[PDB]
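Contents: one structure, followed by commentary.
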Amino acid sequence: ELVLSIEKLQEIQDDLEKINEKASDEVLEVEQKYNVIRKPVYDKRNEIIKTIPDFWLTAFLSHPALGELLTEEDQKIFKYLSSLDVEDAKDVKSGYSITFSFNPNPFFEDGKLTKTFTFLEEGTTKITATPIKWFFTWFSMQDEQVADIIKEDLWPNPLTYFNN
Amino acid sequence: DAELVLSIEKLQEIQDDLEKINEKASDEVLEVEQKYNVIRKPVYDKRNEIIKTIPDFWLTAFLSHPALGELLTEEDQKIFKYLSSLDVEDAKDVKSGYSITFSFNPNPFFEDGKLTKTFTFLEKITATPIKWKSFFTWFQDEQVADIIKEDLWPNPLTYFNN
Numbered sequence: 013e014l015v016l017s018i019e020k021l022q023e024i025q026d027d028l029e030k031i032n033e034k035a036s037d038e039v040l041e042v043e044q045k046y047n048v049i050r051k052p053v054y055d056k057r058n059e060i061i062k063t064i065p066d067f068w069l070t071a072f073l074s075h076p077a078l079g080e081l082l083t084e085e086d087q088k089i090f091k092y093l094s095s096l097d098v099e100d101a102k103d104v105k106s107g108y109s110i111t112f113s114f115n116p117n118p119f120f121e122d123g124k125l126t127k128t129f130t131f132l133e134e135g136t137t138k139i140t141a142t143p144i145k146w147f148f149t150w151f152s153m154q155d156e157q158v159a160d161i162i163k164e165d166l167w168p169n170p171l172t173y174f175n176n
Numbered sequence: 002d003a004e005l006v007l008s009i010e011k012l013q014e015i016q017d018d019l020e021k022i023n024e025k026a027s028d029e030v031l032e033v034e035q036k037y038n039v040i041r042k043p044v045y046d047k048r049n050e051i052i053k054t055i056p057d058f059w060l061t062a063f064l065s066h067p068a069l070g071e072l073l074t075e076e077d078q079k080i081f082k083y084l085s086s087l088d089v090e091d092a093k094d095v096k097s098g099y100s101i102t103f104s105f106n107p108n109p110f111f112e113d114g115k116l117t118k119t120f121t122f123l124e125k126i127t128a129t130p131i132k133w134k135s136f137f138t139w140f141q142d143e144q145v146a147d148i149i150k151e152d153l154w155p156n157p158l159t160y161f162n163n
């Protein structure tokens, strides 16, 4: 009468979803191995960064999007930051954290400030950050954007934005 | 400046290393794609079987899709009414390119049974010429091919049920 072959096609689509999930799992395994491979070279690059004074402030101010978020007083405060680290979860799908380490600096009583993102299986995310012991109010909503851009755009190659 | 340099250059070296590493990683990812495209070849083919039973399936999918709904003119809809099946094939590798093949039934408009539009990645778009008798102007804008490949292809039911 009425073709339920649409339901048979729904079955085929759900079947292909399993192959897609397995391929995603293998891609995640590749990225898991390579983040472990990349941890030493990033840890060594931060040593080079420490030699360059206010490297991260220059990189951020040179970046257009985050450079809009300068908040010049918060920019003078961000000049103080000792280093910047971005850690991915052991299982790369769960989440990640971004940690700004500040050597002893006024305007902030906390040495290190980090924002952690945990990914729920539905798709929504939970963003929780270290409390401030006081612009740069990103540690307290809009989207992953900031926590996103630094991870994708600035963290791998900050040098592209440094010399501009 | 005298010293501030060497440091920078060292970092450049470090950055280059990352690139190399990333390249290696990327390679493996691509391989997985290859590995699973073969795995997907039967189902997709098998999927086409079901599609042959549904009347005016791919036309309804093109129309229901918000992006490709407005691309089809009335003449293009009438031409789509005839098509038998649709196929999309990645290359033997994955970074080389892909082709989109419209297998159309005998039509009064055009004699050609199947039309293949192939994009190749040089690190090149070529179409089988129609034999006559706005979207169909396909045989710079490859998007019309990317949105078909990435969104509609894998799951046309994403915007279906109309």
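Line order of the protein sequences matches chains A and B.
Residues in the first sequence are numbered from 13 upward in steps of one, following our numbering.
Residues in the second sequence are numbered from 2 upward in steps of one, following our numbering.
For every residue, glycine included, the Cβ atom is placed at its ideal position computed from N, Cα and C.
Can you tell me whether residue i is buried or exposed? The criterion is at least 16 other CB atoms within 10 Å of its CB, across all chains shown.
| i | result |
| --- | --- |
| A:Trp68 | buried |
| A:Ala71 | buried |
| A:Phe129 | buried |
| A:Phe147 | exposed |
| B:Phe103 | buried |
| B:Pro157 | buried |
| A:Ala159 | buried |
| A:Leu16 | exposed |
| B:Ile40 | exposed |
| A:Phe90 | buried |
| A:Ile162 | buried |
| B:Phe105 | buried |
| B:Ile126 | exposed |
| B:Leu31 | exposed |
| A:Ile144 | exposed |
| B:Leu123 | exposed |
Can you tell me whether DSSP reads residue i as helix, strand or coil?
| i | result |
| --- | --- |
| B:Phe161 | coil |
| A:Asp97 | strand |
| B:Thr54 | helix |
| A:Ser106 | coil |
| B:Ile126 | strand |
| A:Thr111 | strand |
| B:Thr74 | coil |
| B:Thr117 | strand |
| A:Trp68 | helix |
| B:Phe137 | helix |
| B:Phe81 | helix |
For chain A, is any of its Cβ atoms less than 8 Å away from the one on residue i?
| i | result |
| --- | --- |
| B:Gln35 | no |
| B:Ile126 | no |
| B:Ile149 | no |
| B:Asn156 | yes |
| B:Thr117 | no |
| B:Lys96 | no |
| B:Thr54 | yes |
| B:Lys21 | no |
| B:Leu60 | no |
| B:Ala68 | no |
| B:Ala26 | yes |
| B:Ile131 | no |
| B:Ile15 | yes |
From the beta carbon of residue i, is the nearest beta carbon of chain B less than 8 Å away?
| i | result |
| --- | --- |
| A:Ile18 | yes |
| A:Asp27 | yes |
| A:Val53 | yes |
| A:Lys102 | no |
| A:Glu38 | yes |
| A:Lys91 | no |
| A:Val15 | yes |
| A:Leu21 | yes |
| A:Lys56 | yes |
Can you tell me whether residue i sits near the ligand NAP, meaning its C-beta is under 7 Å from at least one heavy atom of the ligand?
| i | result |
| --- | --- |
| A:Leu96 | Inclusion of the ligand NAP in the displayed structure is not the case, the ligand content being empty and no account of it being possible. |
What is the C-beta distance between residue i and residue j, in whole angstroms, given that I count them as a contact (C-beta under 8 Å)?
| i | j | result |
| --- | --- | --- |
| B:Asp94 | B:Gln13 | Contact flag wrong, Cβ pair sits at about 31 Å. |
| B:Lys115 | B:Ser100 | That belief does not hold up - the Cβ atoms of B:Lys115 and B:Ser100 are roughly 11 Å apart, past 8 Å. |
| B:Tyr37 | A:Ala77 | With 8 Å as the limit, B:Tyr37 and A:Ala77 do not qualify as a contact, their Cβ atoms being about 35 Å apart. |
| A:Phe119 | A:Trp146 | 7 Å |
| A:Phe174 | A:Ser106 | That pair is no contact at about 31 Å. |
| B:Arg48 | A:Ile24 | 5 Å |
| residue 173 of chain B | A:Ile64 | In the structure as shown, chain B begins at 2 and stops at 163. Residue 173 of chain B is therefore absent and cannot be evaluated. |
| A:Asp122 | A:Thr142 | 7 Å |
| B:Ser86 | B:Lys42 | Not confirmed; about 15 Å, so no contact. |
| B:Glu24 | A:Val42 | Not a contact, Cβ separation roughly 13 Å. |
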